[PDB]
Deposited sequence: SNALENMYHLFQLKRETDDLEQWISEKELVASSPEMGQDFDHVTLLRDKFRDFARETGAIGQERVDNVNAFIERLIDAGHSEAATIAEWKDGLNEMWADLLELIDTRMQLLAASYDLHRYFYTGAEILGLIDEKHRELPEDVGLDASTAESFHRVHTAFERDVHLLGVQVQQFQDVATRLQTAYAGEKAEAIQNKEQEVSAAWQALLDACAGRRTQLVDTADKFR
């Protein structure tokens, strides 16, 4: 009895050590501050990370539950050292909770970065579509595109202040100017 409890103790020690190792390596990836260079770069970062987050969560959780469950099994049937493995459980759960919270904030940071880059990419090409003019309802369909971009610019102003908020406001104004200038050209034809 004493012998196989000691045997399970050490075979739990190995697994927990390998889990705690594996967690530390995940967090190295999980904590890149990159955020992206241009709409393309960000698309890759976000897709790549969505995957990494999804996968690390599923696998990690299975592994951590197994270790928690086992540790409680050993405790319910009277193991000594229950005091020592209770500590191991707590120290594992903590590393894990930390990695999940860390993963999450980088999810949201890339979420935010994706949107901002998309906005400017949309604005960059909408201005191209304005020059793509200089029937007469194609303009009336760009008007829908511009209008959506303005709704986007409007929402983002809630999410930003200072240099970034102003930068956003600039492109929306530039675009609106450019669109109206087309409308002054357009109805002036009829």
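K.L.:
Would you flag the ranges of the deposited sequence that the structure leaves without C-alpha positions?
P.N.:
No coordinates exist for the deposited residues in 1, 136 to 158, 215 to 225, so these stretches are absent from the model.
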